[PDB]
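Student: One structure, as structure tokens, below. Some questions next.
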Amino acid sequence: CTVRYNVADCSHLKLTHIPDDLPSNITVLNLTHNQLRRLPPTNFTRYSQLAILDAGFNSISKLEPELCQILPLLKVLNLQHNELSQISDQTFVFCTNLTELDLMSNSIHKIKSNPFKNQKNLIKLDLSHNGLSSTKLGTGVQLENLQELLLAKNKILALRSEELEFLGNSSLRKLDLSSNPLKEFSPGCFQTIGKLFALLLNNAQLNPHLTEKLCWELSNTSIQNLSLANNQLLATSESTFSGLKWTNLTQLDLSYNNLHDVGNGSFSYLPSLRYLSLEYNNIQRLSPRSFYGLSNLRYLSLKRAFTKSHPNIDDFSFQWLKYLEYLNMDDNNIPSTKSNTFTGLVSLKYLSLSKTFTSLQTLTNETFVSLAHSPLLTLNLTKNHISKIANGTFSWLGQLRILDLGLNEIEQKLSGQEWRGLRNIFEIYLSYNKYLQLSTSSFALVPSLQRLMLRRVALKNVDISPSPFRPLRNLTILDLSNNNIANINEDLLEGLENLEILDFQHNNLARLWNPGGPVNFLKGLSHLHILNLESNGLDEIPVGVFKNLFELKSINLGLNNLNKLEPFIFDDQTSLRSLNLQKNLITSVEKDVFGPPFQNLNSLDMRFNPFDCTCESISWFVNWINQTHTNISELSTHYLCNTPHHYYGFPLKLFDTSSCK
Amino acid sequence: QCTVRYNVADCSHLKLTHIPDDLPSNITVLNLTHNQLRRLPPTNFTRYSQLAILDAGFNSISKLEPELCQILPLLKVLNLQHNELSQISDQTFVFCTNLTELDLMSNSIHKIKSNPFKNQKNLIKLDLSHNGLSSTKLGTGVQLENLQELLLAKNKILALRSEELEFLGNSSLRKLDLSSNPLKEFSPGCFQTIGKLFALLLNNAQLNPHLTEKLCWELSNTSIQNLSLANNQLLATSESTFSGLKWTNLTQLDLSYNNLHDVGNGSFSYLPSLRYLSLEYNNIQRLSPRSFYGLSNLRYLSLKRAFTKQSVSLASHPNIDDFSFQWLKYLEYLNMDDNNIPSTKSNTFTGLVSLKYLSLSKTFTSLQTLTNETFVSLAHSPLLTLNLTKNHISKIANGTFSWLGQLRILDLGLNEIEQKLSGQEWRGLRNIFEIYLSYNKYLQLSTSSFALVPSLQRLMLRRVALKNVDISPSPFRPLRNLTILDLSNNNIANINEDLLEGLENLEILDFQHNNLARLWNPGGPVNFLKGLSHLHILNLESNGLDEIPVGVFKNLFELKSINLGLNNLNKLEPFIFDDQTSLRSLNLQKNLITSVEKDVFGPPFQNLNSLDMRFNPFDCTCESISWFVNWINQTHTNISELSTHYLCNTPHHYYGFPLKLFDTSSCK
RNA sequence: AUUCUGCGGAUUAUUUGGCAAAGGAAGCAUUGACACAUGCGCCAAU
RNA sequence: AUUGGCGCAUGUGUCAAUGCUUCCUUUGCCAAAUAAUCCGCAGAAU
Ligand SMILES: *[C@H]1O[C@H](CO)[C@@H](O[C@@H]2O[C@H](CO)[C@@H](O[C@H]3O[C@H](CO[C@H]4O[C@H](CO)[C@@H](O)[C@H](O)[C@@H]4O)[C@@H](O)[C@H](O[C@H]4O[C@H](CO)[C@@H](O)[C@H](O)[C@@H]4O)[C@@H]3O)[C@H](O)[C@H]2NC(C)=O)[C@H](O)[C@H]1NC(C)=O
Ligand SMILES: *[C@H]1O[C@H](CO)[C@@H](O[C@H]2O[C@H](CO)[C@@H](O[C@H]3O[C@H](CO[C@H]4O[C@H](CO)[C@@H](O)[C@H](O)[C@@H]4O)[C@@H](O)[C@H](O[C@H]4O[C@H](CO)[C@@H](O)[C@H](O)[C@@H]4O)[C@@H]3O)[C@H](O)[C@H]2NC(C)=O)[C@H](O)[C@H]1NC(C)=O
Ligand SMILES: *[C@@H]1O[C@H](CO)[C@@H](O[C@@H]2O[C@H](CO)[C@@H](O[C@@H]3O[C@H](CO)[C@@H](O)[C@H](O)[C@@H]3O)[C@H](O)[C@H]2NC(C)=O)[C@H](O)[C@H]1NC(C)=O
Ligand SMILES: *[C@@H]1O[C@H](CO)[C@@H](O[C@@H]2O[C@H](CO)[C@@H](O[C@H]3O[C@H](CO)[C@@H](O)[C@H](O)[C@@H]3O)[C@H](O)[C@H]2NC(C)=O)[C@H](O)[C@H]1NC(C)=O
Ligand SMILES: *[C@H]1O[C@H](CO)[C@@H](O[C@H]2O[C@H](CO)[C@@H](O[C@@H]3O[C@H](CO)[C@@H](O)[C@H](O)[C@@H]3O)[C@H](O)[C@H]2NC(C)=O)[C@H](O)[C@H]1NC(C)=O
Ligand SMILES: *[C@H]1O[C@H](CO)[C@@H](O[C@H]2O[C@H](CO)[C@@H](O[C@@H]3O[C@H](CO)[C@@H](O)[C@H](O)[C@@H]3O)[C@H](O)[C@H]2NC(C)=O)[C@H](O)[C@H]1NC(C)=O
Ligand SMILES: *[C@@H]1O[C@H](CO[C@@H]2O[C@@H](C)[C@@H](O)[C@@H](O)[C@@H]2O)[C@@H](O[C@@H]2O[C@H](CO)[C@@H](O)[C@H](O)[C@H]2NC(C)=O)[C@H](O)[C@H]1NC(C)=O
Ligand SMILES: *[C@@H]1O[C@H](CO[C@H]2O[C@@H](C)[C@@H](O)[C@@H](O)[C@@H]2O)[C@@H](O[C@@H]2O[C@H](CO)[C@@H](O)[C@H](O)[C@H]2NC(C)=O)[C@H](O)[C@H]1NC(C)=O
Ligand SMILES: *[C@@H]1O[C@H](CO)[C@@H](O[C@H]2O[C@H](CO)[C@@H](O)[C@H](O)[C@H]2NC(C)=O)[C@H](O)[C@H]1NC(C)=O
Ligand SMILES: *[C@@H]1O[C@H](CO)[C@@H](O[C@H]2O[C@H](CO)[C@@H](O)[C@H](O)[C@H]2NC(C)=O)[C@H](O)[C@H]1NC(C)=O
Ligand SMILES: *[C@@H]1O[C@H](CO)[C@@H](O[C@H]2O[C@H](CO)[C@@H](O)[C@H](O)[C@H]2NC(C)=O)[C@H](O)[C@H]1NC(C)=O
Ligand SMILES: *[C@@H]1O[C@H](CO)[C@@H](O[C@H]2O[C@H](CO)[C@@H](O)[C@H](O)[C@H]2NC(C)=O)[C@H](O)[C@H]1NC(C)=O
Ligand SMILES: *[C@H]1O[C@H](CO)[C@@H](O[C@@H]2O[C@H](CO)[C@@H](O)[C@H](O)[C@H]2NC(C)=O)[C@H](O)[C@H]1NC(C)=O
Ligand SMILES: *[C@H]1O[C@H](CO)[C@@H](O[C@@H]2O[C@H](CO)[C@@H](O)[C@H](O)[C@H]2NC(C)=O)[C@H](O)[C@H]1NC(C)=O
Ligand SMILES: *[C@@H]1O[C@H](CO)[C@@H](O)[C@H](O)[C@H]1NC(C)=O
Ligand SMILES: *[C@@H]1O[C@H](CO)[C@@H](O)[C@H](O)[C@H]1NC(C)=O
Ligand SMILES: *[C@@H]1O[C@H](CO)[C@@H](O)[C@H](O)[C@H]1NC(C)=O
Ligand SMILES: *[C@H]1O[C@H](CO)[C@@H](O)[C@H](O)[C@H]1NC(C)=O
């Protein structure tokens, strides 16, 4: 086994009998994932210390009351996915300290007597998928403190004020009841539960009426959370959840319900509902009176909540949710915004509209007008096919901090105005578009920027002076990867005293490092930590173009053509933590070059290079390898030598430098 | 100094100040052209009394004394083009009676008095163009006995008279140029006065349909055969236009670049002898059946860019209708490239029963699909050549060529063909030589694609994105007489050895750019190239090749040229080349070759002509370049750039070191 | 038979990653064709 | 000098060809996950 400290962990051993050869000084034992005859109730003397046991996923026929008295110190008994066809009270009579009881696949079709007239400390109690046709587990009031009764994937037909009353002052925190083909909730079938907090009627085929009816039985109860996922509420009315009026409801779920109708004031009865999920549903539209009722709601989810003859929500439909702060509407077909869509949400601080529109080709200055009085900080607009953003398009989103226009068709030339009004904007994720010609003023209007992504946006004109990023001083993270940036003059990046992370992966910045003076890129970004120049056409790192970058933590120059390392390219990276020069054309590893960075390094990576197995080359290196503990992955396979003949395909590591010096 | 060398003393652009005359007197020619020349010292030519001709043009020569001709009695060619010589009289050439070629092109000699050449009796070529001549007259007496070329073009002649032309009595001109001359009138009998006038060139002379129509009669009863009318304003023609030629014997006629919009009926009814006719670069609206009535002798017709642009919006797409070529029963070469003709008609080419060469490259605009009724017209025409490149052809249905029985060379390249050849598209090409089919959209092949035409010698399939060439048998299975095969730039995914089975004549094979990389342990390497004993030049440049497996070049004795450039090949298992002992040129440039051993490159290096392995990561140690560096020192197999592009890549002290300068005196 | 358990093997679909290659495009460099200039020296006719 | 013909050399632009670098897309193969279906060995439950 893994014999993990204290807790015995036997993963998958294809084990035969119940073993007792390892330590006897422990409190847990994993036997799960093994072939088990039955549980020897007496073979548990050598282990009189175990507190819990991972004993599920085994072929266990039956169990004797013996196993509980042999291990008085036992809180968790895991017996899920086992046989145990039938059982009575005897089995757990000696388990009074038990707190978590697990039985998931034991097809225990019926239950007689009061089987747990003992467990007083048992909270979790999963009895699901076991063929139970009833909920009853006794006629007396037991299970003093139980907080989870899992009965789902079972075949219960109904609930009565009688087969449920066995819980008297019993207060369940989470009562599961999924997959049960319930057709009726006998009156007062909840008034009999001590105090019922959570509930889960997932996949139980509920009719708008069974639902409408069930509600009243959920009245005057301490119920706060309720799940109705995967049912047939093809529609709802004010009368549907009418029964809940007498309740105190926090979260309500109605996802995956092919809900086509969401009648008026259907929720007029939840003046306390704070959370509501309408995910994956087919709603036709939302008139203004749609949400009348939820005046406490703070999180609304319409992820894929509409039909696909296009569906749409009209103005002043959210006017009632004056306390909502998180509105999600991803994966949908809504045409476009209206002049008054989001009118009313004066608390909205997080809004997502990823792949939510179909005809919003152009972002106009009248698009987000609705969100004028909403304290909006987040706005995801990815995947909307947005191809052009006119002036003042965001002027109303005064307090916006994180805006995201990625994975879109934007093809225009930022002239600083598109950001007119983003007073305090944090980051602007703008990666993955068609074309983004920049100008000298593109960002002058928003100098509050910290992160600016521009991945695969085919940038053009970044060589103009001053640097279009000139006004972005508080800028820390900047990404210009996968743009095939033709070229760029040093002016760029001038004054970014905070630029920490910079990405240039894939940008043919090749020739910029002789002819016309080597572009002393990266001047003074003292604070620059992780630099990325992977696959950039780099063939020659010129003398000291990494000077004064003391705080530079991670350099990545993979996928390049770099064999000519002028001694001293790395000098100030004496704080470097991880270097990457994989898939290059590196022949030799000298000390004047890789020395200083190798100093306090954490993990190096130079696999797949044409290593030369001679002493003018790998000598200093092979040794460092033998005598350093800087994590170097695959040193064993992918560090082979390429020359000369006798040393071809020879693991670089196994090179005796005992004949060299 | 000059170049001299063998009696033709050539002094190139030498910046020559004064006419130099050194010892190479034992010669017969001297080039002084392209140098700064004061004047020609008529006496400095004693040290050179042997010269037969002199390249003396493109120099600043003021004037010339009659002296230079008597100093060099042995003189046939006098080149004085692009020089000054403003004026001159008979004196200048009095001593040049042996002279046969006289050149004067840029000397602005505006007028000519007397009989300047009362001496030249052996002078044939006589170029006097761009010289400011306002007249053709060069004398009043009948001289220049035997002259075959009188070049007077780019001049300012206003007309030709039976008077200023008569100075040629029994004089028979073979080629009489008269281009750029602003001629407005041809005084009657202005040719009846030339002994015998064969050729003529009135290029860019601004001729009216009438000046033309008129000029014709003066060209009558003359010995005229060729006539050029390029760059004029014959915006149209009628039967009456060339009516004056009826009294002639006309071989070739040119009317290119004439914005000809009208080609009236029977405009050529008068040329029962014209064999050649060029209507290139013109704007003809259409060709009714009666268009070509008259040319029953024509054998070569050119309509290259000969019909008006397509309007599309103005619906003015020009076109020729049926039975318009019925008269040219003797034509054998018809060209109609660069045009807007809509498409073929059921009877377009009807009548051409001699047509053996036909070109229709970029001739059609709406011929998206080749139907079985397209080339019906060419049914009775002995067609051997057919270029259809650049027509946007995207689909060729069954029996599309059935009528072209005798076709040998067919070309459907640079087209949009996107269909799957199922052997039927070639139904009827009884004796077809080559099928150039490169540069199309997609050509899915089947097991029968070529079974119908086993007469194939060459089959090109460059950049046609072939698909399914791995099917068995090889779709080329029935092509036995096939010699040249090209499957380049198709990114052929893969292929099994079956392919090429039985091509005992396959000599040239091209595989440039086809990621055939991994084919050389997936179920064993593919014994591609089995038994093509007769394969001469093999090309596998840039093919992903990273490992040439053991002996996949066995029995290829007759293989002359292997090209494996742009690949990743450093692992050469001794003996990959054994039977290429006849190899003449190897190419393994831009690879990842470390070392050159003898067990590997030995046999081919034997009788080799030219090797090429530049740009590789050469290792400057003896386990590697040792045997090689020597071969270099002691072999004379032409190896280009051995000096620069054969540097070493390892180790450190030998990096960037010319491979050649490696002393193997410390090894072996 | 219906199913639970452990281990191993197979096929398909979707997603990703790597390698090789193709097409098109971008930046830089080289070469050749041509056109519009310039400076130097020499000349020619006014 | 006005206009022109030469000789040498230096410019810009357009077009075309070639080479290096790169990017986007696609194709072949391979690897890893996830899911669906299946098959073999071993023990078992009603
Ligand atoms: C507005 O909404 C958008 C969606 O509605 C938000 O975008 C979503 O962001 C999440 C989180 O970034 C994305 O999820 C993962 O995206 C990448 C891509 O996955 C790739 O790696 C997988 C690994 O197995 C592959 O299987 C995939 O095929 C694919 O190639 C992942 O790489 C991320 O995982 C990361 O996991 C750890 C966590 O830090 C890292 O260590 C890893 O290195 C790795 O990077 C993401 O979890 C999600 O794709 C995207 N939406 C979707 C589903 O498309 C958008 O961000 C939001 N705006 C904001 C900022 O609020
Ligand atoms: C039916 O008619 C077609 C035209 O209507 C004709 O099409 C072409 O035929 C061939 C190609 O198929 C072509 O050949 C000449 O042109 C190529 C291309 O050269 C290019 O590159 C040059 C680079 O410096 C550039 O200057 C040029 O401007 C041009 O863009 C040229 O390479 C050929 O010469 C080479 O030939 C050898 C190559 O095998 C080589 O070894 C030699 O050294 C030499 O360089 C040719 O000069 C024609 O020009 C195309 N026609 C036109 C006008 O487009 C079809 O071939 C014809 N079908 C048949 C076969 O009947
Ligand atoms: C074009 O036609 C011919 C070219 O073949 C040229 O004229 C021909 O000139 C010859 C002799 O000069 C003529 O010969 C005569 O032929 C007759 C007919 O058989 C014969 O009986 C006589 O004995 C004599 O030999 C010939 O007829 C004549 N051809 C024509 C036009 O009929 C001339 O170059 C051109 N035509 C003309 C005259 O413009
Ligand atoms: C959901 O409904 C209510 C949310 O608005 C809230 O009801 C609370 O009910 C208790 C009843 O025990 C009230 O407490 C009263 O307790 C005794 C009654 O015997 C009085 O002497 C006290 O003075 C006190 O008023 C609460 O006032 C009432 N909550 C409030 C402040 O509105 C519960 O959250 C839920 N009701 C239940 C338990 O079903
Ligand atoms: C939102 O306002 C932008 C800034 O005013 C505006 O920029 C565009 O228009 C201005 C003129 O209004 C251009 O600036 C210059 O204006 C003078 C005359 O006022 C012109 O002589 C000069 O040629 C130039 O046009 C900006 O250059 C121009 N931006 C670009 C690069 O197109 C926006 O147009 C406007 N909203 C949009 C996107 O239309
Ligand atoms: C000319 O090109 C093709 C060559 O014959 C020709 O083939 C296609 O049609 C034939 C029948 O004419 C198909 O042959 C078979 O026909 C029997 C009919 O009973 C089917 O049962 C059998 O499955 C098969 O289809 C060919 O399969 C089919 N394509 C090939 C050659 O695989 C074309 O029809 C003809 N050109 C056209 C499209 O008119
Ligand atoms: C919600 O109920 C209304 C019925 O009341 C009307 O609409 C309210 C939003 C409010 O504005 C009241 O003053 C109105 O009296 C449904 O509204 C329309 O009802 C008519 C009935 O003739 C129907 O034809 C329309 O389709 C409805 N929509 C329009 C054009 O206003 C509304 O349909 C109900 N919500 C849904 C769609 O279930
Ligand atoms: C050449 O002459 C034709 C008429 O002469 C021939 O036209 C053939 C199409 C055919 O009928 C043949 O038997 C006949 O000998 C002229 O074309 C006609 O021109 C008149 C104007 O006078 C118009 O009515 C038509 O465009 C056209 N009609 C016909 C019957 O073709 C024309 O002068 C010239 N051809 C062309 C179009 O250039
Ligand atoms: C309703 O939702 C779940 C139980 O179904 C609970 O969620 C809240 O408590 C969790 C701690 O266990 C937090 O991690 C969750 O983030 C939090 N929900 C939120 C605000 O996201 C919650 O206890 C249940 N009912 C309530 C509100 O008590
Ligand atoms: C964005 O600004 C306003 C939106 O408030 C748009 O409308 C105004 O623009 C012009 C002002 O003279 C006129 O064309 C409109 O009549 C005027 N209307 C309003 C709302 O007052 C404006 O068009 C938008 N910007 C543009 C032009 O794209
Ligand atoms: C007319 O044709 C050209 C004029 O440019 C010349 O060449 C002709 O004769 C050559 C010798 O047989 C051939 O090679 C040419 O193909 C042929 N040109 C033609 C007509 O196509 C020649 O000057 C002329 N020939 C004569 C005298 O008729
Ligand atoms: C190609 O073959 C002939 C060539 O003219 C076309 O015509 C024949 O086939 C057609 C049958 O649908 C009809 O046009 C006639 O039956 C016949 N014509 C004859 C010989 O008079 C034929 O249409 C073309 N191929 C097809 C059938 O599409
Ligand atoms: C970015 O730079 C700093 C740090 O974010 C911001 O300065 C803050 O605000 C004022 C400066 O005028 C002072 O209170 C402190 O210097 C900073 N306070 C802190 C620590 O948050 C500066 O205002 C920012 N620039 C922008 C986006 O306007
Ligand atoms: C291709 O191979 C040869 C090429 O010469 C062809 O045979 C010649 O052509 C005919 C055959 O019909 C004979 O009359 C000749 O005598 C043969 N050449 C000589 C003189 O030996 C053969 O027919 C062709 N094969 C195919 C399928 O086209
Ligand atoms: C729960 O248990 C008893 C019944 O056994 C019940 O009467 C009483 O209300 C509760 N006692 C507690 C735990 O306070
Ligand atoms: C001819 O030769 C003489 C010999 O002295 C020389 O001076 C003269 O320059 C030559 N002719 C010229 C001017 O070229
Ligand atoms: C050419 O010479 C004279 C010119 O006067 C002429 O009479 C004679 O007949 C011609 N020679 C021939 C062709 O016999
Ligand atoms: C219990 O398991 C052990 C396995 O080590 C075995 O030796 C012993 O015989 C078993 N006892 C029973 C129940 O027979």
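Numbering of chain B is taken from Swiss-Prot, so the residues present carry the numbers 28-547, 551-698, in order.
Per deposition record, X-ray crystallography, 3.4 Å.
Using the three backbone atoms N, Cα and C, a Cβ is placed for every residue, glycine included.
What Swiss-Prot lists as disulfide bond is B:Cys29-B:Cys38, B:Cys96-B:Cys123, B:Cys650-B:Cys678, B:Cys652-B:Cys697, and the listing cites experimental evidence. According to Swiss-Prot, the feature N-linked glycosylation site maps to B:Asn53, B:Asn58, B:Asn125, B:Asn197, B:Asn248, B:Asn253, B:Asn276, B:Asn292, B:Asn399, B:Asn414, B:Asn508, B:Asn668 (among others). For B:77-98, the entry in Swiss-Prot reads repeat 'LRR 2'. Taken from Swiss-Prot, the feature repeat 'LRR 4' covers B:125-146. Annotation source Swiss-Prot lists repeat 'LRR 6' at B:173-196. Residues or ranges marked as repeat 'LRR 7' by Swiss-Prot: B:199-220. Residues annotated as repeat 'LRR 10' in Swiss-Prot: B:300-321. Marked as repeat 'LRR 11' by Swiss-Prot: B:324-345. Taken from Swiss-Prot, the feature repeat 'LRR 15' applies to B:433-454. The repeat 'LRR 16' annotation in Swiss-Prot covers B:458-479. Annotated repeat 'LRR 17' per Swiss-Prot: B:482-502, in sequence order. For B:508-529, the entry in Swiss-Prot reads repeat 'LRR 18'. The repeat 'LRR 20' feature in Swiss-Prot is assigned to B:564-585. According to Swiss-Prot, the repeat 'LRR 21' annotation covers B:588-609.
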Student: Could you state the whole-number distance in Å separating the C-alpha atoms of B:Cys650 (disulfide bond) and B:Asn276 (N-linked glycosylation site)?
Tutor: 77
Student: Near ligand 11, which of the recorded positions show up if the criterion is a Cβ under 6 Å from one of its atoms? Options: B:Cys29, B:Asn58, B:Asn253, B:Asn668.
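Tutor: By the Cβ criterion, which requires under 6 Å to ligand 11, the hits are B:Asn253.
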Student: Just checking the recorded positions B:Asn276, B:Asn292, B:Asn668, B:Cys697: which sit within 10 A of B:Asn248 (N-linked glycosylation site), CA to CA?
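Tutor: So far as Cα distances go, the recorded positions lying within 10 Å of B:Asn248 (N-linked glycosylation site) are B:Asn276.
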Student: For the repeat 'LRR 6' (B:173-196), how many residues does DSSP put in helix, in strand and in coil?
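Tutor: DSSP composition of the repeat 'LRR 6' (B:173-196): 0 helix, 5 strand, 19 coil.
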Student: Near ligand 14, meaning Cβ under 6 Å from any of its atoms: which of the recorded positions B:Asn197, B:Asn508, B:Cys678, B:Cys697 fit that description?
Tutor: B:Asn508
Student: Of B:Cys123, B:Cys652, B:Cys678, the disulfide-bonded residues given in the record, which has the fewest other CB atoms within 10 A of its CB?
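Tutor: Among the disulfide-bonded residues B:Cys123, B:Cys652, B:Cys678, the sparsest Cβ neighbourhood within 10 Å belongs to B:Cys652.
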Student: State the three-class DSSP label for B:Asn668 (N-linked glycosylation site), counting H, G and I as helix, E and B as strand, and everything else as coil.
Tutor: strand
Student: If you measure from the C-alpha of B:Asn58 (N-linked glycosylation site), which of the recorded positions B:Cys38, B:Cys96, B:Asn253, B:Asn276, B:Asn414 fall inside 10 Å?
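Tutor: Near B:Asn58 (N-linked glycosylation site), where near means Cα within 10 Å, the recorded positions are B:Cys38.
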Student: Near ligand 13, which of the glycosylation sites show up if the criterion is a Cβ under 6 Å from one of its atoms? Options: B:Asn58, B:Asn125, B:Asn197, B:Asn248.
Tutor: none
Student: Other Cβ atoms within 10 Å is the metric here; tell me which of the glycosylation sites B:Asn53, B:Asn197, B:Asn248, B:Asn253 scores highest.
Tutor: B:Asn253
Student: Which recorded positions from the set B:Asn125, B:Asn253, B:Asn399, B:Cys652, B:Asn668 come near ligand 12, judged by a Cβ under 6 Å from any of its atoms?
Tutor: B:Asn399
Student: Three states by DSSP: which one describes B:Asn399 (N-linked glycosylation site)?
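Tutor: Coil, per DSSP.
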Student: Just how far apart, in Å, sit the Cα atoms of B:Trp547 and B:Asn551 across 3 unmodelled residues?
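Tutor: The answer is 8 Å, taken between the two Cα atoms.
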Student: Quick one: pull the CA-CA distance for B:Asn253 (N-linked glycosylation site) versus B:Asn399 (N-linked glycosylation site), whole Å only.
Tutor: 41
Student: When you measure from the Cβ of B:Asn668 (N-linked glycosylation site), which residues in the chain that are at least 6 apart have a Cβ under 8 Å away?
Tutor: B:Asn639, B:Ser640, B:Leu641
Student: Can you check which residues sit near B:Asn414 (N-linked glycosylation site), meaning Cβ under 8 Å from its Cβ, same chain, 6 or more apart in sequence, and list them in order?
Tutor: B:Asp364, B:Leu385, B:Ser386, B:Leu387, B:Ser388, B:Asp438
Student: Rounded to the nearest Å, what's the C-alpha distance separating B:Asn508 (N-linked glycosylation site) and B:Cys697 (disulfide bond)? Just drop the number here, would you?
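Tutor: B:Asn508 (N-linked glycosylation site) to B:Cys697 (disulfide bond), Cα-Cα distance: 52 Å.
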Student: For B:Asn197 (N-linked glycosylation site), which of the recorded positions B:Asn53, B:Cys96, B:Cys123, B:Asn399, B:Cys678 has the nearest Cα in space?
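Tutor: Nearest by Cα distance to B:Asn197 (N-linked glycosylation site): B:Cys123.
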Student: Rounded to the nearest Å, what's the C-alpha distance separating B:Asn53 (N-linked glycosylation site) and B:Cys29 (disulfide bond)? Just drop the number here, would you?
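Tutor: Rounded to a whole number, the Cα-Cα distance is 15 Å.
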